[PDB]
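A short write-up of the structure that comes next.
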Amino acid sequence: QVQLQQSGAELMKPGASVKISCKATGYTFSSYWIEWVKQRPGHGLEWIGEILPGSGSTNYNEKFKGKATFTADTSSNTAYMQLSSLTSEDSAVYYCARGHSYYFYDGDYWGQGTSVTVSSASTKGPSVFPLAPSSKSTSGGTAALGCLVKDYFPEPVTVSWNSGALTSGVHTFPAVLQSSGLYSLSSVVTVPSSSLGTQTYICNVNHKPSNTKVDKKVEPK
Amino acid sequence: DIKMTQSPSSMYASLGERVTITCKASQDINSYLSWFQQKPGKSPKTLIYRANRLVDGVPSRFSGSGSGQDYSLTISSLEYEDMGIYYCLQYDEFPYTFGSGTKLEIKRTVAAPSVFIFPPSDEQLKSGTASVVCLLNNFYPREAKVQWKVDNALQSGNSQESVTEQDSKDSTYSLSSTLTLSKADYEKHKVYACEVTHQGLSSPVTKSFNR
């Protein structure tokens, strides 16, 4: 039971600085180096640097020197990384990890990660539009329908179909960030073309950050 | 900085197969290489350190080998829980650097997409914007191309797509493409078409609508 405890998600304005922590427990904090790693979508993992608690020696990847700064509090068994001059390029999940102690290393203990989002956008609930079945048809065997959840911030929104009773054939897509800085997402479900009159199809949308909740009936024509 | 070249960038494999992932360093790293496994939304987990030493608790089906500049991670008999992305990391000289990753997915039979097109609702038209959506449902493998044409003019720059991860029941993917237009532009043209290209299709399918 050696463990790593990271701080909660952060939402920052471009230009601001943020300081995340990592509280190490179950071992003698002072002899081991703490590693920091960056993970943004489409960019695998990147090594930021490491600091040794006590002596405070540190090693920085040249790519992040001016941008990241580490410190470690010996008493509270906590280490920190401050990221400055934030940009969208800095939105990522950041991990801290316990590496090696003087000549030795039998593997790592990774913290659970801290999500950082950098954006100028204000909180905003979404508009839900229907994706109506069959262009100019009704008879085609199986039909598709769904809901377009557009223009919200920040993530996430949840979507269910018919309050949870409709699960099979449901595909809810990853949200996409539009140029406007707002998110959009789609949820679809295919149904037997012979329900489109004997059945109701409502998609339940919820956006907690804005205390938004919408139920949308979707249907032919 | 040392460059780590990992291969392949992705691969489909069946349960029971022997999977080998390689990593080549730009210079000799003296076995100071570690391998990690990461699953969607979870933290990486260390599998091997010093090139061939298994982390306590990792199943014995994982092994690493190599020396000098060439290394590899081998999963002797693949299991469903092994799907995810793997990374190598050299810690021989600063700055420590990672490979670009290998995405491991489950292989199944080719299956062509069922395609559907959805015009903007009048409700959205009110606002002043039109989103036209194209859906490609339950296909394999991943690679696919969607091309939007309005009155035969090809659109570029004004569409965005997202895809699901492989399905737990049938290992296929689903994808949506949204074409966004000003209410005005939309009202200016007539024929809106979505052309989909995919292995499963003997020829490029088109779904379109008018107005």
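Because the Cβ atoms are built from the backbone with ideal geometry, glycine has one as well, and the counts that use them run over all protein chains shown. Numbers and lists here come from the model and the stated rules, or from a named source; none is laboratory data.
Can you tell me which condition B:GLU79 does not meet? The list is (1) within 12 Å of chain A (Cβ to nearest Cβ); (2) over 18 Å from A:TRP110 (Cβ atoms); (3) of a type outside the set (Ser, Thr, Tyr), and all the others hold.
Condition (1) is where B:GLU79 drops out.
Any idea which of A:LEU177, A:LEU185 is under 20 Å from B:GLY41 (Cα atoms), in contact with a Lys or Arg (Cβ under 9 Å, 6 or more places away or on another chain) and either charged (D, E, K, R) or outside the structural domain of A:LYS13 (by CATH) (or both)? Show your work before the answer.
Details: A:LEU177 fails: in contact with a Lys or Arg (Cβ under 9 Å, 6 or more places away or on another chain).
None of the others qualify; the one that does is A:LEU185.
B:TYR96: within 11 Å of chain A (Cβ to nearest Cβ) and touching a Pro at 6+ places or on another chain (Cβ under 9 Å), yes or no?
No; evaluated as a whole, the condition is false for this residue.
Look through A:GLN5, A:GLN112 and report the one residue that is in a strand (DSSP E or B), of a type in the set (S, T, N, Q) and surrounded by fewer than 19 Cβ atoms within 10 Å (Cβ to Cβ).
That would be A:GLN5, the only listed residue that is in a strand (DSSP E or B), of a type in the set (S, T, N, Q) and surrounded by fewer than 19 Cβ atoms within 10 Å (Cβ to Cβ).
Exactly one of (1) in a strand (DSSP E or B); (2) within 28 Å of A:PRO14 (Cβ to Cβ); (3) under 17 Å from the mean Cα position of the chain (by Cα) is unmet by A:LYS150. Its number?
The number of the failed condition is (3).
Suppose we filter the range A:92-109 for residues that are surrounded by 16 or more Cβ atoms within 10 Å (Cβ to Cβ), more than 10 Å from chain B (Cβ to nearest Cβ) and part of a loop (DSSP other than H, G, I, E, B); how many remain?
Of the residues in the range A:92-109, 0 are surrounded by 16 or more Cβ atoms within 10 Å (Cβ to Cβ), more than 10 Å from chain B (Cβ to nearest Cβ) and part of a loop (DSSP other than H, G, I, E, B).
Residues of the range A:43-98 being out of contact with any strand residue (DSSP E or B) (no Cβ under 8 Å at 6 or more places or on another chain) and among the basic types (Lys, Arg), which ones?
A:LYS65
Contact list please: Cβ distance under 6 Å, first residue in the range A:24-41 and in the same structural domain as A:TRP110 (by CATH), second residue surrounded by fewer than 16 Cβ atoms within 10 Å (Cβ to Cβ) and not in a loop (DSSP other than H, G, I, E, B), pairs at least six apart or on different chains.
These pairs meet every condition: A:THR25/A:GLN3; A:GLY26/A:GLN3; A:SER31/A:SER101; A:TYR32/A:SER101.
Go through (1) out of contact with any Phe, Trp or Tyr (no Cβ under 9 Å at 6 or more places or on another chain); (2) over 17 Å from A:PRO130 (Cα atoms); (3) among the aromatic types (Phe, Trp, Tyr) for A:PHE153 and report which single condition fails.
Answer for A:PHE153: the failing condition is (1).
Residue by residue, here is whether (1) surrounded by fewer than 17 Cβ atoms within 10 Å (Cβ to Cβ); (2) touching a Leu at 6+ places or on another chain (Cβ under 8 Å); (3) not in a loop (DSSP other than H, G, I, E, B) holds:
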residue: B:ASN30; (1), (2), (3): yes, no, no
residue: B:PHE36; (1), (2), (3): no, yes, yes
residue: B:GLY41; (1), (2), (3): yes, no, no
residue: B:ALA51; (1), (2), (3): no, yes, no
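When you go through A:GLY140, A:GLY125 one by one, which is the residue that is in contact (Cβ under 8 Å) with a residue 60 or more places away in the chain and either closer than 16 Å to B:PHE118 by Cα or outside the structural domain of A:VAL37 (by CATH) (or both)?
Residue meeting the stated conditions: A:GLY125.
Are any residues in the range A:119-150 more than 9 Å from chain B (Cβ to nearest Cβ) and charged (D, E, K, R), and if so, which ones?
Scanning the range A:119-150 gives a single hit, A:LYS124.
I'm trying to understand the selection: among the residues of the range A:33-65, which are farther than 15 Å from B:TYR96 by Cβ and under 24 Å from the mean Cα position of the chain (by Cα)?
A:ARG40, A:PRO41, A:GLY42, A:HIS43 - these are the residues of the range A:33-65 that are farther than 15 Å from B:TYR96 by Cβ and under 24 Å from the mean Cα position of the chain (by Cα).
Suppose we filter B:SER156, B:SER121 for residues that are out of contact with any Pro (no Cβ under 7 Å at 6 or more places or on another chain) and either small (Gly, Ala, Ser) or not assigned by CATH to the domain that holds B:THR197 (or both); which single one remains?
On inspection, the qualifying residue turns out to be B:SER156.
Of the conditions (1) surrounded by fewer than 13 Cβ atoms within 10 Å (Cβ to Cβ); (2) closer than 23 Å to B:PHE36 by Cα, A:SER76 clears all except one; give me its number.
The one condition A:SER76 does not meet is (2).
Tell me the residue from B:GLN155, B:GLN124, B:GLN160 that is more than 11 Å from chain A (Cβ to nearest Cβ) and either farther than 24 Å from A:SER168 by Cβ or surrounded by 18 or more Cβ atoms within 10 Å (Cβ to Cβ) (or both), please.
Values: B:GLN124 fails: more than 11 Å from chain A (Cβ to nearest Cβ); B:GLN160 fails: more than 11 Å from chain A (Cβ to nearest Cβ).
The unique qualifying residue is B:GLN155.
Any residue that is in a loop (DSSP other than H, G, I, E, B), more than 30 Å from A:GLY8 (Cα to Cα) and among the β-branched types (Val, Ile, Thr) - is there at least one of those in the range A:117-133?
no
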